[PDB]
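To keep things clear, I will list the structure first and then write my remarks on it.
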Ligand code: FES
């Protein structure tokens, strides 16, 4: 399957839509589609690529940085997240972390 992923940059007031394969991480699909997003480690072990879910679900089983409460709050490391449905997510949310 292929899921629609909506990227929202609150500070910039932008909204971009991408199509993401069920077996591709969101960050990779975004870049391929023309949208560069923040990243550093690209391995699920930092917070640079953090985003926050608005709706939809992801599989980010490979991540290691976020604690359970952060995940509960809707945080996602885009570099290692696969969409599991259509998703609405806010990007550039690193600063929200502590
Ligand atoms: S860039 Fe480090 S966890 Fe995604």
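Let me have the 222 nm mean residue ellipticity of the chain computed from DSSP H runs of 4+ only, each contributing -39500 (n - 2.57), with the sum over all residues rounded to the nearest 500.
-3000 deg cm²/dmol
Please arrange 46, 79, 41 by counting, for each residue, the other beta carbons lying within 10 Å of its beta carbon, fewest first.
Details: 46 17, 79 26, 41 14.
Fewest-to-most ranking of 46, 79, 41: 41, 46, 79.
Just want the ordering: 15, 95, 52, from fewest to most Cβ atoms lying within 10 Å of their own Cβ.
Values: 15 11, 95 8, 52 19.
Arranged by neighbour count, lowest to highest, 15, 95, 52 become 95, 15, 52.
Using a Gaussian network model of the chain with C-alpha springs under 10 Å, which one of 57, 14, 84 is most mobile by mean-square fluctuation?
14
Name the residue, out of 59, 69, 23, whose mean-square fluctuation peaks in a Gaussian network model built on the chain with Cα pairs under 10 Å.
Between 59, 69, 23, it is 69 that shows the largest mean-square fluctuation.
What is the extension gain from residue 85 to residue 6, computed as 0.36 nm multiplied by their sequence separation minus the C-alpha to C-alpha distance, in nm to one decimal?
Working: separation 79, 0.36 × 79 = 28.44 nm, distance 1.15 nm.
Residue separation times 0.36 nm, minus the Cα-Cα distance, leaves 27.3 nm.
If you average over every viewing direction, what projected area does the convex hull of the Cα atoms of the chain give, in nm²?
Details: hull surface 21.8 nm².
That works out to 5.5 nm².
Using alpha carbon centroids, what distance separates the range 13-28 and the range 56-98, in Å?
What the calculation gives is 13 Å, centre to centre.
Note that each Cβ is placed from the backbone with ideal geometry, even for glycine, and that neighbours are counted across all protein chains shown. Where a number appears in this text, it was derived from the coordinates with a stated rule and is not lab data.
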